[PDB]
Protein chains: 2
Amino acid sequence: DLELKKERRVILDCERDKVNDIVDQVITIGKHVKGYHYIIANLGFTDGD
Amino acid sequence: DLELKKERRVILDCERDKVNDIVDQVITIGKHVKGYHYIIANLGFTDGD
Ligand SMILES: *[C@@H]1O[C@H](CO)[C@@H](O[C@@H]2O[C@H](CO)[C@@H](O)[C@H](O)[C@H]2NC(C)=O)[C@H](O)[C@H]1NC(C)=O
Ligand SMILES: *[C@@H]1O[C@H](CO)[C@@H](O[C@@H]2O[C@H](CO)[C@@H](O)[C@H](O)[C@H]2NC(C)=O)[C@H](O)[C@H]1NC(C)=O
């Protein structure tokens, strides 16, 4: 559904557990190549993997 | 080095252990989007993940 408007820019506002799950599902579906842009909206940016 | 000739088509001839490692490194560097082609050259195609 996020490809209906051809979205290139995603802001993730989750805690230290859901950020890892969303990143793992992005890597599984393959949406981390150059052309995309993500912002992990938290204070512990290096707390995730 | 495989992006010097802009290679789109890779044939992997490895056993049941190295195929999983090469696929994991392809997923880590992000080369499994639409546009690339792969052939797992073995008899146990469904033996890997
Ligand atoms: C980082 O992600 C952003 C968003 O996709 C992109 O930044 C663009 O970088 C180019 C090259 O300097 C600029 O000309 C554009 O103005 C930037 N903003 C856009 C397209 O909104 C780019 O894809 C990524 N890389 C860099 C180096 O910025
Ligand atoms: C994914 O599968 C498609 C369809 O099976 C392949 O697309 C080929 O594209 C060429 C060039 O447009 C056309 O001859 C046909 O649309 C397809 N060829 C066939 C069916 O023999 C594509 O090569 C595959 N691999 C990718 C995208 O990496």
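What follows is calculated from the coordinates using simple rules that are stated; it is not laboratory data. Here Cβ is always computed from backbone atoms with ideal geometry, including for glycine, and neighbour counts include all displayed protein chains.
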Rounded to the nearest Å, the spacing of the alpha-carbon centers of the stretch B:15-41 and chain A is 22 Å
If labels are modelled 7 Å from Cα along the Cβ direction, residue A:32 lies from its partners in the other copies at nm distances, smallest first, of 1.2
Taking every residue of B:39-45, the Cβ atoms of other protein chains inside 10 Å of its Cβ average out to 0
Sorted shortest first, the nm distances from the residue B:3 label point (7 Å along Cα→Cβ) to its counterparts in the other copies are 2.1
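With an 8 Å Cα cut-off and a minimum separation of 6 or more residues, compute the relative contact order for chain B in percent.
Here the relative contact order equals 53 percent.
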Distances in nm between the label point of residue A:17 (7 Å along Cα→Cβ) and its equivalents in the other copies, shortest first, are 3.7
Around residue B:37 (Cβ within 14 Å, Cβ-to-Cβ, excluding residue B:37; K/R +1, D/E -1) the net charge comes to +4
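Take the eigenvalues of the Cα gyration tensor for chain A, scale each by 5, and report the square roots as semi-axes in whole Å, largest first.
Values: eigenvalues 77, 27, 20 Å².
Value: 20, 12, 10 Å, ordered largest first.
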Rounded to whole Å, √(5λ) for the Cα gyration tensor eigenvalues of the protein assembly as shown, largest first, gives 30, 17, 12
For chain A, the dipole about the Cα centre with charges only on Cβ (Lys and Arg +1, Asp and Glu -1), to the nearest 20 debye, works out at 400 debye
Long-range amide H partners of residue B:14, meaning residues 5 or more apart or on another chain whose placed amide H is closer than 5 Å, are B:41
